[PDB]
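Beneath this line is the structure, given in structure tokens, with notes to follow.
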Amino acid sequence: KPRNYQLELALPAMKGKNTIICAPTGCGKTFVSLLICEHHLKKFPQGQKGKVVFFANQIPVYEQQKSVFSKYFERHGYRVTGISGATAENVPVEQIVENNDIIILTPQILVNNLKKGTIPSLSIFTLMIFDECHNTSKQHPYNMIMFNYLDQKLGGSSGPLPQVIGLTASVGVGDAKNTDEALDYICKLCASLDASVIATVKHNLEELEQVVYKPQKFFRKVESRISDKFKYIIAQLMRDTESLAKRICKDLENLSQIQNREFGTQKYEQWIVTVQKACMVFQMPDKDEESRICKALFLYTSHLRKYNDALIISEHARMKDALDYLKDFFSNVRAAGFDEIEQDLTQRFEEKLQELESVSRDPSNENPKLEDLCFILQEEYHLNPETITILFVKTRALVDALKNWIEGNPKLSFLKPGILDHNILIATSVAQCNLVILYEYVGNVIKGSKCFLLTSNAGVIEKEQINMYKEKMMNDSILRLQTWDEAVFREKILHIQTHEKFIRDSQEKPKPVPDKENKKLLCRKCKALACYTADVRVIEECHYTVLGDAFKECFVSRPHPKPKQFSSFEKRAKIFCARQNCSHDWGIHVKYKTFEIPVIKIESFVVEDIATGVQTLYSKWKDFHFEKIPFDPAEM
RNA sequence: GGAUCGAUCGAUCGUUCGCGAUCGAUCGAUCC
Ligand SMILES: [Zn+2]
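According to the deposited numbering, the stretch in the first sequence is residues 242 to 661, 690 to 699, 707 to 723, 735 to 923, in order.
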């Protein structure tokens, strides 16, 4: 049974104009979209049929929307199906669209089809319902659909142009500082969705006040540790590793020019990966000791990165998890690495391991952040013993660390590990949500509850304060835009989307000139010859592979831990560099149609030209420019 | 494998305020 709040939300898009309907609850969002769909299909006279498309960006929400739509739009003689990645293989999407009314297709499918050629005009549909439409920022699938829509609208060939009603919960803030910029951002979002009304509950505010789901803020600024003996030991090990790495690279400080570096920080990680990317371009003409020196610096730099991550984990999470993480890394890479460089580094680590284990088991070196975390958890749990809480950490190296700390803490017994009969649900990003804890993690909260923010920096505190200020500013700007009439808003959005179309069509890249030289690829940590670009074939303008049989013996197969097909191939195993001690992540082994193909990634490669002898480095395939010969199945 | 979004950090230019802007790196999440 619809209520007055539903009808007040659904009022402006009822008349036949595009809206930015924003309801916070998910059930309310589903209900307003359902009512809009029902009255859009009911208002059509005989002989004409609607083709409403509902866009869902997530697979579980696609399942949920398809379920509710097929449960409600079932007795009315309406045909409803849906498309996804595991459904759209060799299936005539044109036949579905021409013979369905309430397709609940995901947006990437429509982008792929519009780029392919199928479904040429966007006027086939009549009602586009975007779920969580605030994601339309730049180059998104929603924004690609809107690009094609605006291309169709502003090209002078406007036909039965479908409604593009957007549905959300928060209209979004962007990076606003003052109300003019927030108003400009809201107008830009509205014009990108091409709507002139923003539906928002105003006359039935107590309907939302009945169920609002808003928490209170409970900032707890904490102090870091002071007796950082372990940080001293790991810093000494860092200094030793870097000094012995400097024996083979005299100018190691000069490859990266940023600033002075300090251990246990993200800046050190950036310096580590920059100097990692720096030394894989060496041009020593021996080509045999070049492999060993490149392997040596890769091993040293990967070790330094691992110690830096261990330092970060020890700074944030508890001690023993950081030590066990380092021991696990040394166990997994020791089981693969058997050279004397690994022998030296590993023997240095076990030489320090006795001191590390002695300093790890000291209760006097407990982190105060976890101390007052369990202290606030204990007071609130003694206040309420049926409360399920959710804790957010920034990194996946900490979600298991906090779970281990929960399991190994004897001061608490009511908690259960909830890695995402489950008391506390430890997760990293995203039910009842009766308690939310943000441990050193800055992000979104709007997605008798409480929100305890724990941090060792006041930057997060001032960031959240200006986040509340920008939320208030966005609400005021929304009310100001709702004050306006239909005309001036319409030519304002028309001018700004004309400007957006101008810059979008102006910012077009030409075709890169393909080189006429046969440049080749080499492994990252090994610098051995992998394959020339003349034997590289591109499948669907995104994936690349090698068709030579000499390449087939250059790698080895390792079974994939998480294999899953994506609409074109199916994944069987990863390919690794088959050398003495390389074991580097080259790519992945799939089947496209019948053949087995090892599709590779240029991220873990270094490309050199046979003529000039320079080893340049690329990170993604689009930046790499060469004669992309298409893959022909007639060869092999 | 490929593309996309979000958060942190760093480099470069323009104005000595608050900063604005192209590029880059790490971590997390989604879809194909
Ligand atoms: Zn290799």
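Quick reminder that beta carbons are idealized off the backbone N, C-alpha and C, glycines included.
Taken through DSSP and simplified to helix, strand or coil, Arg589 comes out as helix. Going by C-alpha positions, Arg845 is about 7 Å away from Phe863.
Rounded to the nearest whole angstrom, the C-alpha separation of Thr266 and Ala410 is 7 Å. For the pair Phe789 and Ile783, the Cα-to-Cα distance works out to about 10 Å. Remark: C-beta atoms of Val833 and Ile916 do not approach each other more closely than 8 Å. Annotation note: the segment 567-638 contains the following uninterrupted alpha helix (DSSP H) runs of length 4 or greater, listed N- to C-terminal: 581-601, 609-624.
Nearest in C-alpha terms to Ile365, of all of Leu402, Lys798, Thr377, is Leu402. The residues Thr542, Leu545, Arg546, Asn549, in chain order, have a CB closer than 7 Å to that of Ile513 in the same chain once the five nearest residues on each side in sequence are set aside.
Taking 7 Å as the cut-off, the C-beta of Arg533 does not count as close to any heavy atom of ligand 1.
Between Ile897 and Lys806 the beta-carbon gap is near 7 Å, inside 8 Å, which marks them as a contact.
The continuous beta strand (DSSP E) containing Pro846 extends over residues 842-846. For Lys798, there is no enclosing beta strand (DSSP E), as DSSP marks it with neither H nor E. Around the beta carbon of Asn341, a 10 Å sphere encloses 16 or more other beta carbons of the protein chains shown; the residue is thus reported as buried. In the DSSP assignment, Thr542 falls outside any beta strand (DSSP E) and lies within the alpha helix (DSSP H) extending over 530-557. Pairing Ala519 with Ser497 gives a Cβ-Cβ distance under 8 Å. Restricting attention to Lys839, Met760, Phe913, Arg811, the CA atom closest to the CA of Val893 is found in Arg811. Here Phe388 really is in contact with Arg791; their C-beta atoms are around 7 Å apart, less than 8 Å. With 16 or more other CB atoms across the displayed protein chains lying within 10 angstroms of its CB, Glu895 is buried. Here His871 carries a coil assignment [DSSP, helix/strand/coil]. It is roughly 20 Å from the alpha-carbon of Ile324 to the alpha-carbon of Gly318. Cβ atoms of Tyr426 and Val405 stay farther apart than 8 Å, at about 19 Å.
For the 8 Å CB-CB criterion, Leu661 and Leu714 do not form a contact.
Boundaries of the beta strand (DSSP E) around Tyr831: 831-833. In the structure shown, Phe296 falls within a strand segment according to DSSP collapsed to helix, strand and coil. For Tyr819, DSSP records a beta bridge to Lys807.
For the pair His281 and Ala251, the Cα-to-Cα distance works out to about 12 Å. For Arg466, the three-state secondary structure derived from DSSP is coil. As the crow flies, the alpha-carbon of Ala707 is around 11 Å from that of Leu694. A distance below 8 Å separates the beta carbons of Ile261 and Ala436. Its chain contains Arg244, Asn245, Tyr246, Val442 as the residues whose beta carbon lies nearer than 8 Å to that of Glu448, once the 5 sequence neighbours on both sides are disregarded; these appear in chain order. Beta-bridge partners assigned by DSSP to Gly407: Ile261, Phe371. Under DSSP, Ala860 takes part in a beta bridge, and its partners are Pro846, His876. Taking the Cβ of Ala815 as the reference point, at least one heavy atom of ligand 1 falls within a distance shorter than 7 Å. In this model, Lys610 and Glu596 are separated by some 24 Å (Cα to Cα). If you check the CB distance, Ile370 and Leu346 do not come in under 8 Å.
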